[PDB]
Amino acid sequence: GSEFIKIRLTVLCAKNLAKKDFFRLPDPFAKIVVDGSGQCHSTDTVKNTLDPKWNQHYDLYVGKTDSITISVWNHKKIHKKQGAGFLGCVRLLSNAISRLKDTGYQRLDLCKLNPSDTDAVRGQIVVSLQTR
């Protein structure tokens, strides 16, 4: 009937994120995008931590070829130039969504936007995808 599947994404926490500013811990939040529909969500910001615990879930409507991209950002850098405060991402293509769904919480290593990028990215994000 609909050409989509409802997947509940829980963004549980991240751990061991990069500390880019020596004297100043980030205030991390995650941003979630379903690439084909453009569906966009953000978690709350957690103050002054490399190990933010968000425990927030989102009902994503994912189409047959859509992916889910989750990126982590230091909100203290919100006014700085575009792309500052980047702390890593993960991209789940439709095959990975198919594999991971209903397998429980997964520790996913955060990646640079591209393998060859300079950005210091460290640590993991912990998420689950469930079919609803």
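So that there is no doubt, residue numbering starts at 1 and follows the sequence shown.
When the two stretches 86-94 and 73-81 are set side by side, the higher mean Cα temperature factor goes to 73-81. Per the PDB record, residue ranking by Cα B-factor puts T103 in the lowest third of the chain. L17: CA B factor in the middle third of modelled residues in this chain (values from the PDB entry). Ranked against the other modelled residues of its chain, the C-alpha B-factor of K47 as given in the entry falls in the highest third.
For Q124, the recorded CA temperature factor ranks within the middle third of the chain's modelled residues. Among the modelled residues of its chain, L9 has a C-alpha B-factor that falls in the lowest third, as given in the PDB entry.
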